[PDB]
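K.L.:
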Ligand SMILES: Cc1cc2nc3c(=O)[nH]c(=O)nc-3n(C[C@H](O)[C@H](O)[C@H](O)COP(=O)(O)OP(=O)(O)OC[C@H]3O[C@@H](n4cnc5c(N)ncnc54)[C@H](O)[C@@H]3O)c2cc1C
Ligand SMILES: NC(=O)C1=CN([C@@H]2O[C@H](COP(=O)(O)OP(=O)(O)OC[C@H]3O[C@@H](n4cnc5c(N)ncnc54)[C@H](OP(=O)(O)O)[C@@H]3O)[C@@H](O)[C@H]2O)C=CC1
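In the numbering used here, the protein residues as written are 427 to 941.
1. May I ask which residues mark the beginning and end of the beta strand (DSSP E) holding residue 781?
2. Tell me which residue opens and which closes the alpha helix (DSSP H) that residue 896 is part of.
3. Going by alpha carbons, who is nearest to residue 833 out of 760, 855, 911, 763?
4. What number of angstroms, rounded off, separates the C-alpha of residue 629 from the C-alpha of residue 841?
5. Would you give the residue range spanned by the alpha helix (DSSP H) that residue 473 belongs to?
6. Just to be sure I understand the criterion: a residue counts if its Cβ is closer than 6 Å to at least one heavy atom of ligand 2. Which residues meet that?
7. What residues in its chain sit with their C-beta under 6 Å from that of residue 805, if we drop five residues either side in the sequence?
8. Can you name, in chain order, every residue of its own chain whose Cβ lies under 7 Å from the Cβ of residue 561, other than the five neighbours on each side?
9. Ligand 1 heavy atoms versus the CB of residue 526: any closer than 7 Å?
10. So, under 8 Å CB-CB, residue 466 and residue 609 are touching, yes? Tell me the CB distance rounded to an integer number of Å.
11. Buried or exposed: where does residue 588 fall if 16 or more other Cβ atoms within 10 Å of its Cβ makes it buried?
12. How many Å lie between residue 724 and residue 585 at the Cα?
13. Residue 754 to residue 640, Cα distance in whole Å?
14. Could you check if residue 790 is buried or exposed, using at least 16 other CB atoms within 10 Å of its CB as the buried criterion?
15. Suppose the cutoff is 8 Å on Cβ atoms and the five residues either side in sequence are ignored; what does the same chain contact list for residue 601 look like?
16. Roughly how many whole angstroms lie between the Cα atoms of residue 528 and residue 708?
17. Quick check: the stretch 728 to 742 against the stretch 515 to 527, are there 3 or more CB pairs under 8 Å?
18. Rounded to the nearest angstrom, how far is the Cβ of residue 844 from that of residue 450, given a contact under 8 Å?
19. Sorry if obvious, but does the Cβ on residue 458 come closer than 7 Å to a heavy atom of ligand 1?
20. If we count Cβ pairs, one from each stretch, closer than 8 Å, do we get three or more for the stretch 496 to 508 versus the stretch 548 to 556?
21. Quick test of the definition: if touching needs 3 or more C-beta pairs under 8 Å, does the stretch 681 to 690 touch the stretch 646 to 654?
22. Please check the pair residue 745 and residue 852, which I expect to be a contact at CB under 8 Å, by giving their CB distance rounded to whole angstroms.
23. Here's the rule: buried if 16 or more other CB atoms are within 10 angstroms of the residue's CB, otherwise exposed. What is residue 505?
24. Taking just the CA atoms, how far does residue 590 sit from residue 473?
25. Check each candidate in 678, 747, 598, 803 and name the one with the smallest Cα separation from residue 719.
26. Which residue or residues does DSSP assign as beta-bridge partners of residue 601?
27. Anyone know if the C-beta pair for residue 448 and residue 525 falls short of 8 Å?
28. Going by CA-CA distance only, name the one from 889, 545, 722, 471 that's closest to residue 510.
29. Return the chain-ordered list of same chain residues with a C-beta closer than 8 Å to the C-beta of residue 839, the five sequence neighbours on each side being excluded.
30. Could you please give the first and the last residue of the uninterrupted beta strand (DSSP E) stretch that includes residue 857?
31. Could you check how far apart the C-beta atoms of residue 555 and residue 542 are, in whole angstroms? I think they sit under 8 Å.
32. What does a CB cutoff of less than 7 Å around residue 531 pick up in its chain, not counting 5 residues either side in sequence?
33. Which residue spans inside the stretch 798 to 830 form an unbroken beta strand (DSSP E) run of at least 3?
34. List the residues that DSSP assigns as beta-bridge partners of residue 767.
35. Assuming residue 749 and residue 729 are in contact, meaning their beta carbons sit under 8 Å apart, how far apart are those beta carbons, in whole angstroms?
36. Cβ of residue 437 versus every heavy atom of ligand 1: is any distance shorter than 7 Å?
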């Protein structure tokens, strides 16, 4: 028996464990398939892996001594350094003694008689707990491209999600399929290391410089001396990225003024900075969105000296989402050892023992093929567990059409289960989201223990209520004319207001059962 079982030992699961064990004195065990803490920062060790958030904000805020001890080496933080940070958190707070590593959870079945969860590992070990905390992260299974003959390739074949140690690039012909955030990071990191690089691009996206520079001891001292105000700014913001979130309409200033504002953000770096510190309506007004696109289009044409390559890199969609972030991506395509293939116009039709074949019949001979082709959607990690709630309803069937929840944390028919960084949550920097959710869930569990209530479940109506306010906010946005509602788009501050009103009003929308 435990009071709570936690699935996952990334950012989300580690603070869940700290909060429930040490602040609410509950008996807790966490599980992870990994051999070490860190979650996605343990699993994802591909070349160029880098935070989107600046280093001083991509971390916990709840341990003030840890903040003052923070290593802030560069403006953004690389994967080995995030992993080392989370390892330090687990060291300082004695967390691993209550984490069972190398242990996958195969099933969790709710026992309506006892009002607790029966949790079974992949090695048939059974544990019981009143509450189930699912901290599964935003990514499900690695998505491989479905291409005839991929199994015949005899060279090195790697998905970015399983990047092996000891990979060497010198002298090799390498291909990369995929040009999302991970593909851009990999391509930028390895182009100078390989004999030849072929990029297989299905859809060009916009990318802005990230501006990753070293941090002087003075830069760092200025942050740490003001850290309380910095976090207060996070909690009162929509995105939690430390931005000065603009209200200025894009088309309310002159062309010369507009160019200077975009250039300012371009030089300082960051994708959210470009989209939301410049002007206030780029995600809302079609004309504003096109102006932002055209700024980046002009940059691509200036950086990439061959205009035919520049055209291939230039996105074609009418409206644009938030741009990627890079450390020298477009410059890569000026190199003599880089070839860009548009596989919308010239699709991949076959992989053979030594090559990728495109529809023009060209054999692209490769020593190594890197699939930066992404992951299944967030609800996949839930459906990959055999989770059965009331009446034995499985989460696979409950979410057959997509995920739906209350506040991003509670699922109807699944009592005493609480999601951390689950579907239908806010779009903001993730550590502040996870801290917000862990603290709300722990307060709810604490109120349960005080009031002797043993079953907490959100109602069908509350879920539909949450789905509607997500739909209503999203429909003021361009993001239907671009690439169930997966995200609450009201921002971090309003999300915290939303869940504060629920807890202040006796957990409206939650069925509470007393024993
Ligand atoms: C390179 C990179 C940069 C990023 N930068 C940012 C950024 O700047 N800002 C931002 O907001 N987000 C960013 N993200 C995304 C987000 O911050 C991370 O996904 C975040 O660390 C998620 O933490 P988590 O604990 O919620 O999930 P994860 O770190 O994904 O941890 C989930 C864990 O659950 C375990 N698990 C799952 N199913 C089971 C099971 N059945 N049994 C046992 N264990 C299981 C997994 O093994 C995994 O270890 C970035 C992601 C990457 C890859
Ligand atoms: N640094 C990071 O990696 C971070 C990632 N994230 C999130 O993590 C998730 C994963 O990012 P990423 O790993 O880049 O995965 P993405 O899904 O974002 O991009 C996948 C890439 O592979 C291409 N692709 C997929 N299938 C095929 C195919 N069959 N043939 C050819 N090309 C294909 C896609 O092209 P198309 O566009 O045509 O499908 C796209 O270019 C995203 O949701 C991202 O927002 C968030 C923060 C940081």
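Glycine included, C-beta positions come from ideal geometry on N, C-alpha and C.
P.N.:
In this structure, then:
1. Residues 781 to 784.
2. Note, residue 896: alpha helix (DSSP H), 886 to 900.
3. Out of 760, 855, 911, 763, the CA that lies nearest to the CA of residue 833 is found in 911.
4. Rounded to the nearest angstrom, the two C-alpha atoms are 41 Å apart.
5. It is not in any alpha helix (DSSP H) - residue 473 carries neither H nor E in the DSSP assignment.
6. Chain-ordered, the residues whose CB falls short of 6 Å from any heavy atom of ligand 2 come out as 478, 571, 572, 603, 604, 605, 606, 607, 608, 609, 611, 628, 629, 769, 798, 799, 800, 801.
7. Cβ neighbours of residue 805 beyond the five flanking positions: 825, 829, 849.
8. Closer than 7 Å at the Cβ level, and outside the excluded window around residue 561, lie 432, 433, 434, 436, 438, 439, 442, 846, 847.
9. Every heavy atom of ligand 1 is 7 Å or more from the Cβ of residue 526, so no.
10. For residue 466 against residue 609, the beta-carbon gap comes to about 17 Å, at or over 8 Å, which does not count as contact.
11. Taking a 10 Å sphere around the C-beta of residue 588, we find fewer than 16 other C-beta atoms and assign the residue as exposed.
12. Computed Cα separation, rounded: 33 Å.
13. So the alpha carbons of these two residues sit roughly 16 Å apart.
14. Buried.
15. The answer, listed in chain order, is 623, 624, 625, 626, 782, 790, 792, 794, 795, 796.
16. The C-alpha of residue 528 lies about 45 Å from the C-alpha of residue 708.
17. Cβ pair count under 8 Å is below three, so no.
18. Contact flag wrong, Cβ pair sits at about 13 Å.
19. Taking 7 Å as the cut-off, one finds at least one heavy atom of ligand 1 near enough to the beta carbon of residue 458.
20. Look at the beta carbons and you see the stretch 496 to 508 not touching the stretch 548 to 556: under three pairs across the two are nearer than 8 Å.
21. These segments do not touch.
22. Wrong, their Cβ atoms sit about 22 Å apart, outside the cutoff.
23. Buried: at least 16 other Cβ atoms inside 10 Å.
24. When rounded, the distance between both Cα atoms is 10 Å.
25. Residue 719 has its Cα closest to that of 747, out of 678, 747, 598, 803.
26. According to DSSP, residue 601 bridges with 624, 795.
27. For residue 448 and residue 525, no; Cβs fall outside 8 Å.
28. Residue 510 has its Cα closest to that of 471, out of 889, 545, 722, 471.
29. Same-chain partners within the cutoff: 815, 816, 817, 819, 824, 883.
30. No beta strand (DSSP E) contains residue 857, which is instead part of the alpha helix (DSSP H) from 856 to 876.
31. Rounded, the Cβ-Cβ distance is 6 Å, consistent with contact.
32. Within the same chain, residue 531 has close Cβ partners 433, 457, 545, 547, 811.
33. 812 to 814, all fully within the stretch 798 to 830.
34. DSSP output for residue 767 lists 626 as bridge partner(s).
35. Not quite, the Cβ-Cβ distance comes to about 14 Å (not below 8 Å), so this is no contact.
36. True, at least one ligand heavy atom lies under 7 Å from that Cβ.
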